[PDB]
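Participant: Protein chains in written order, with the entry's author numbering: chain L, 72 to 155; chain Y, 109 to 215; chain G, 1128 to 1224; chain P, 1371 to 1455; chain F, 1 to 171; chain B, 857 to 1113; chain V, 2 to 186, 195 to 514; chain W, 4 to 76, 118 to 221.
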Amino acid sequence: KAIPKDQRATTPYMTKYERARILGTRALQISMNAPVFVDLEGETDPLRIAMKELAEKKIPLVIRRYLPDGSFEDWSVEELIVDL
Amino acid sequence: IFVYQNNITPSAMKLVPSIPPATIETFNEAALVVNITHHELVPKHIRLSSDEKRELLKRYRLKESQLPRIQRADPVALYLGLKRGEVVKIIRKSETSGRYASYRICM
Amino acid sequence: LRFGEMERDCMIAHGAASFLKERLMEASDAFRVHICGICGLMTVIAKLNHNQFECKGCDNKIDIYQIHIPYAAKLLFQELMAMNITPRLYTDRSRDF
Amino acid sequence: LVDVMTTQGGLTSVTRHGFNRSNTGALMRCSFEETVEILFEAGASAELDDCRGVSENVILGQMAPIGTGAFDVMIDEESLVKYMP
Amino acid sequence: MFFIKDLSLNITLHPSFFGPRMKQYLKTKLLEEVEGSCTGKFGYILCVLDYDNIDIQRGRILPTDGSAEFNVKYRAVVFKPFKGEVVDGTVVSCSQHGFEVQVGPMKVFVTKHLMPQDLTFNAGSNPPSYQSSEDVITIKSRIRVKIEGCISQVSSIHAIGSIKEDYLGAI
Amino acid sequence: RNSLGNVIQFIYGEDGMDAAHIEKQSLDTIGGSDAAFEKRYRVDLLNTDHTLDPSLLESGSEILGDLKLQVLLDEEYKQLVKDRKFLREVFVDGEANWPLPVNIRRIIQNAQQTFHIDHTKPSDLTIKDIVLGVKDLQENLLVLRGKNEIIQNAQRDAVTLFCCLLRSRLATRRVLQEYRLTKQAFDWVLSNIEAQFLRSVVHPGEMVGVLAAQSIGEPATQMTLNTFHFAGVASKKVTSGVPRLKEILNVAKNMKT
Amino acid sequence: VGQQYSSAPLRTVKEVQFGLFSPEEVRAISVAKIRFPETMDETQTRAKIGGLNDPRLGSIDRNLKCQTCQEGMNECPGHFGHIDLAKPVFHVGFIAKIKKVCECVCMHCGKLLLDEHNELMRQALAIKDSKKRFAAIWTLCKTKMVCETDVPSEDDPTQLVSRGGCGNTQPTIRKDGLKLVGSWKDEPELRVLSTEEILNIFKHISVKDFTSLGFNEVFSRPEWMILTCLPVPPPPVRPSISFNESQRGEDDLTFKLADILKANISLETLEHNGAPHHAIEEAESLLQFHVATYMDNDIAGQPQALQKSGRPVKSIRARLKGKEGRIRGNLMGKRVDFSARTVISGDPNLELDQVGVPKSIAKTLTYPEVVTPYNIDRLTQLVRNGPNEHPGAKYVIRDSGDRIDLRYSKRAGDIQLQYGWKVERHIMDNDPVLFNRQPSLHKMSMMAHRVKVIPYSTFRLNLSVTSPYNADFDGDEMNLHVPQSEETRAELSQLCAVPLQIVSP
Amino acid sequence: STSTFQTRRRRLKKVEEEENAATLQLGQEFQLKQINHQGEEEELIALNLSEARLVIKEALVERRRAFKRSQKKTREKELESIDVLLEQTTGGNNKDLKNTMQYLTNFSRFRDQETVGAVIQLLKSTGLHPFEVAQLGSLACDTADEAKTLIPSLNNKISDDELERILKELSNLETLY
Ligand SMILES: [Mg+2]
Ligand SMILES: [Zn+2]
Ligand SMILES: [Zn+2]
Ligand SMILES: [Zn+2]
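1) Which residues of the segment 131–147 of chain L have a Cβ closer than 7 Å to any Cβ of chain D? Give them in chain order.
2) Please classify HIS1059 (chain B) as buried or exposed, where buried requires at least 16 neighbouring CB atoms within 10 angstroms.
3) Going by beta carbon distance, what residues of the same chain come within less than 8 Å of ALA68 (chain F), once the five residues before and after it are set aside?
4) Mind listing which residues of the segment 228–256 of chain V have their C-beta closer than 7 Å to chain L's C-betas, in chain order?
5) Can you name the residues that DSSP bridges to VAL77 (chain F)?
6) Of all the CB atoms in chain B, is at least one closer than 8 Å to the CB of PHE1130 (chain G)?
7) Hey, is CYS94 (chain F)'s beta-carbon within less than 8 Å of any beta-carbon in chain W?
8) Per DSSP, which one or two residues make a beta bridge with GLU433 (chain V)?
9) For ligand 4, I want to know if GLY183 (chain V) counts as a neighbour, meaning its beta carbon is within less than 7 Å of at least one of the ligand's heavy atoms.
10) Taking the alpha carbon of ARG940 (chain B) as the reference point, which residue from B:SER1024, B:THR1083 and B:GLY1073 has its own alpha carbon closest?
11) Bridge partners for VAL91 (chain F) per DSSP, in chain order?
12) Are the C-beta atoms of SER494 (chain V) and some chain L residue less than 8 Å apart?
13) I'd like to confirm something about residue 193 (chain V): is its beta-carbon nearer than 7 Å to some heavy atom of ligand 4, or not?
14) Provide the residue(s) that pair with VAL1443 (chain P) in DSSP beta bridges, ordered along the chain.
15) Identify the residues that DSSP records as bridge partners of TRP233 (chain V): which are they?
16) Rounded to whole angstroms, what's the CA-CA distance from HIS146 (chain Y) to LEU988 (chain B)? Just pull it up for me.
17) Beta-carbon of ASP1223 (chain G) versus every beta-carbon of chain L: anything under 8 Å?
18) Could you give the uninterrupted runs of the alpha helix (DSSP H) lying entirely in the segment 465–493 of chain V, keeping only those of 4 residues or more?
19) Counting along the chain, where does the alpha helix (DSSP H) carrying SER102 (chain L) start and finish?
20) Is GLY165 (chain V) near ligand 4 - that is, is its Cβ less than 7 Å away from at least one heavy atom of it?
21) In the DSSP assignment, find the beta strand (DSSP E) that holds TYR417 (chain V) and state where it starts and stops.
22) Using a C-beta to C-beta distance shorter than 7 Å, which residues of chain V count as neighbours of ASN1187 (chain G)?
23) Contact criterion: CB-CB distance below 8 Å. Does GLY861 (chain B) meet it with respect to chain V?
24) Give, in chain order, every unbroken run of the alpha helix (DSSP H) that is at least 4 residues long and sits entirely within the segment 140–193 of chain Y.
25) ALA1416 (chain P) and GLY20 (chain V): beta carbons closer than 8 Å?
26) Taking buried to mean at least 16 other C-beta atoms within 10 Å of its own C-beta, is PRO118 (chain Y) buried or exposed?
27) Drop a sphere of 10 angstroms on the beta-carbon of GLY166 (chain V), count the other beta-carbons inside from all chains shown, and report buried for 16 or more, exposed for fewer.
28) Which of the three DSSP states is assigned to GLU1149 (chain G) in this structure?
29) Following a CB-centred definition, is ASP481 (chain V) positioned closer than 7 Å to any heavy atom of ligand 1?
30) If you draw a straight line from the C-alpha of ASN114 (chain Y) to the C-alpha of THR134 (chain Y), how long is it?
31) When Cβ atoms are compared, which residues of the segment 52–77 of chain F fall closer than 7 Å to chain P?
32) Figure out for me which residue from V:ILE138, V:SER7 and V:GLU155 has the closest Cα to the Cα of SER126 (chain Y).
33) May I ask you to verify whether the segment 215–226 of chain V touches the segment 65–75 of chain V, counting CB pairs closer than 8 Å and requiring at least 3?
34) May I ask you to check if the CB of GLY59 (chain V) is nearer than 7 Å to at least one heavy atom of ligand 3?
35) Is any beta-carbon of chain G found at less than 8 Å from that of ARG11 (chain W)?
36) Is the closest heavy atom of ligand 5 to the C-beta of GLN68 (chain V) under 7 Å?
Here is the structure:
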């Protein structure tokens, strides 16, 4: 249904399932020969690269969180607080 | 509220739903002898105004049906005389977290 | 090797959404098929060269889709049609919720 | 478990005669004790399946809304720009 | 009769083109798979307007491959004739069976039998033509037809028309 | 919820905590005589025999008397109290040990030797520091988030049983005379708890249904069968074991016992 | 999957709209006139008759042909053919309802037996749930056994109002075998309910009457529980089995159909020749029998419809029936590729998260990697290394979607890899794997592990990870599945990893 | 394909596809009441030759400009000036657009975005349906009979006399060559 950046309600944190898919999803793309927005300090593993792409929060993705009723809340990996 | 003793004539009862709006109920004596709602296990329910509900829903993105239900003939459903639609707010004690809200629509 | 119900329930428990889809498709059955955007069936006559498509009856050519479902599923669905039952497969939801 | 049994109204058993008759879509119930029977009285009453239940997907080999699949992911082209020196 | 219908479309993109100027490649790929297409449903997709404000929205990553997919909503000018529409165009081909006139991107044929009586066909001519007590219709002459029927075909839409009625013919 | 949309807990486990982060901590508040309870959490700044001996707090002697603090110092007490009652109305058994996120017994043991605190020299905490902080702490152990009442109310609930342990532990009389914490240590202990808690929450995804299921059947499988330890005393025979569990899940009318 | 690109757009299934086949569609969909019951032998000539299985449907003999559709064998879901029945039949499974329905409607004019007028009714006509709004309406009509012509309205029980006519008494009904019999009363009148009639009635049931009863105006009218045109499933459903040439072994299903077909003909031929009036219904039951025993064969009406040799027969239903069958046996649990299994033992020298795989397996299991500048060097290296030296590979694949059997292919040693190609390589130290022991009823029965290629043929694990699997080294076989994507191996790494599992929920 | 802003819930039985004609009955995709991307309601967009010519040009032109913002890092006379614009922003194999531009550029009736303006402002006071306002805008007409015959969807929808005052002021605005 769409939810404004405001009136936001979900967790401010990142569900492990979220991270893991992102991480996976990214690495996949990296190995798909995709642009990598960080200095590979000499990394050759798409995951490892993704993990870096993440600890510098430079991953162009937005998790769209869907709610039982259909409406969703979009959260970027830039925002999402990565504790774990 | 009508309180019979041994029973009512099946010829009689079929006259209650013949004068709306007004509503009628029927309890046996041996029934009311003890107030169940005082029972260790039964926790307090509560009726909710047709607004506190239109809210509960809104605030939970709930479709009427997705809500836990209570039997029209449920002991406590009677003790508070609910109607097809009214919602009750069962508030119990929890070993996980002292209190624990919960709700129940009425089918 | 058999990746059975039990090993299934276990993945679901873990939350490994895709490592599951895999074990089930990309690692076993997996098959592609052409559905009609109208009578949600395995009808459609796919001549994967001249692109020609058709689904006379629900008489199509235009509205056509392609999907990914284990072979078993293709089978099942047919087996059912075999038993006069029609399991329509749609790609867009109309009921909402 | 308990909460599952109750809710509905009274005591919904954990058996073919109970929970597997609920407002849950076909295929999902289809996947337990009554299989063919179920399906029959499904296409009979023109059932319609959400395809929201694990089983629903595992049977169509799709990614089921579950942890990893409890959400969609996307590329914000706008944040994709600001990511280049 | 030409139209401006609002449309959309889906484009699967590879992680490859996931650059800083992705938007670009899209609008591009759009125009590649759009302009010059045909559908008995929409007619001839001729041109995409407002190239600048093409809505891409956010695109979603797929699940097995990182390809993304956006639903690009746009707007273009179209054209799809109708069985009753009166258009005029320039003739192109001609034969013993009647000539073919071209109106817009589409070619509307005309059976020798669907035109007037007093209009015989001349072959010993060059270029070939149809002669009348006072009219003469050959290759370059401009005619005004009355589309009597349409026919959708792969990537085109031909039609049969006439000039038997009144106010129809050469100009 | 389930594949439909039907709720089945408006909060997993009625507390939104993930099983992984929980242990048997004790509710000191419940057990014990009305006598000792006072000798522990009771602080009276207006009394030679019921005030914090300055050998503990830095601003100890310049407190004995302040009437503005005995307003807080008391707001605290009337609470650990209101608590005691609440609990005994829940855990009637008297049982004080329960499964609760954030092990606070340890979180402090760490705070202890991590700053090499010495049981000789006095603290440096304002009594305002303690109470007014432990109060802000709970303000952040958010489990639910909503911007409205309904929810912000359910929050206070899913949090309750915990705080009680919290306050039970972060008692002004406790904090100083029991474990010599310092502004630092304290402020630390508060930091971790806010987190260790926040981490203890459950992740919106976790297929609990199946998890739940598994966890009952696992042990279900190991259950002995048709044993009856009573046999040898017929007439005092009762149905116990797997046949019983069968009986349940089945929702059987004619139960053996 | 399925190889060969297709303009067709790729989507997912969102809804599953179960319905019932209207004879009209059955024909519509159908491509085979399916007249003859024979299989092939165009008088022995090997091929297929434009009769049963392929009068256009799918094929066999490794021949594209499938109505030009070509694509042959793999990449072509059979197509449905039809087979017009001579006289309508019951649907083994639907007999149940077909009956109950009648009990819910009087014949002749075919209409409900309780309008808005009878009050007990209303209370039913409101329950939204076609599943109970039915077993309710029925509970209220199995009793009414007279199509009332007039009933007292909402006013005086003295004034009578009329609705639908004809009160022709309704007959009570009982299920005998596969037919429906009802009685009329004063000394009953027992006559069999001809399908030809039932159908009619149903056909005459109203739109609002459908709906009111658990039905649907578009996908499932009751009139469709009675079979009129039988959909004939194509080959891939009832595949044969060839012992080279001149030796063919067909499928059970193909046989029933045959018998159904045979039976059908022998019936038709009886209505266009010496028709001994009631000597026909003696073979109409045979049709019904086969047309019924084909879908189901485990009924109460004893006759198991055996097939010479005492072999029961495999009813379509018999295939889906749980455990070992279609739904629970092929879908909820599949056998899978990239799986391994051997005896296990204890290694006090591995890390907890590790699992010592023996070389033998590493060299057999392959993780399809993607050729990328990050790897090209190291990758090609393997390729060269062949599929026999450990650190190696055993297939390379080009964008053209084609395999390169590194163990043969003349250009084995050759090959210059390419950005965008893939190299199914050997599992190497540290690849994330899904280790596990059965039976699985614990999250901790399947945990990811760090691979660690080793000698000797036994999977190696760390003692302290014995209990989670609850295994002993008394010859305990364990399994192992290998991830395949990059995202997949990530779901095992970031979620199912042994160390992530140390605290049990 | 290329979806068209309206998801008509097709329930299996797809049979009703009415005819198409000058009974102003155009396919579903072209009712006067169609939906805009923003999600509002908007009248059908009927373009008359020359009116289309301009519209396409406009876009083709302004596309060029934006096509270079990113590169930094008289009858027979228009045929040529255009071919270039195309050999500039078009895909090249858009043979369709080409032929269209000629037709469009040869049969048009208005050069100025101003005369075309008056045309519109004039016709859009007839309340006629877009497809008439279109045909009426790109088809020479002297008598009403001539118009009302070629465009039958009129007939009764407007007195003969008035349609004639409309055709009288069309010939006048009819730009010269
Ligand atoms: Mg053993
Ligand atoms: Zn179709
Ligand atoms: Zn084929
Ligand atoms: Zn009747």
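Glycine is no exception: its CB is placed at the ideal position from the N, C-alpha and C atoms.
Facilitator: Once the coordinates are examined:
1) Here the protein chains are L, Y, G, P, F, B, V and W, and chain D is not one of them.
2) buried
3) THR12, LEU13, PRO15, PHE18, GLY59, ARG60, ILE61 and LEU62
4) none
5) F:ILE4 and F:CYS47
6) no
7) no
8) V:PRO377
9) no
10) B:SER1024
11) F:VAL101
12) yes
13) Missing here is residue 193 (chain V); chain V as given proceeds from 186 to 195 without the residues in between.
14) L:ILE134
15) BP columns for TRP233 (chain V) are empty, so no partner.
16) 39 Å
17) yes
18) none
19) 87–102
20) yes
21) Element bounds for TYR417 (chain V): n/a, residue is neither H nor E.
22) Correct list: empty, because the minimum Cβ distance to chain V is about 12 Å.
23) no
24) 160–166 and 183–187
25) yes
26) exposed
27) exposed
28) helix
29) yes
30) 12 Å
31) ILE56, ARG58, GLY59, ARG60, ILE61, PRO63 and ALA68
32) V:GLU155
33) no
34) yes
35) no
36) In the structure on display, ligand 5 does not appear, and the ligands it does have are ligand 1, ligand 2, ligand 3 and ligand 4.
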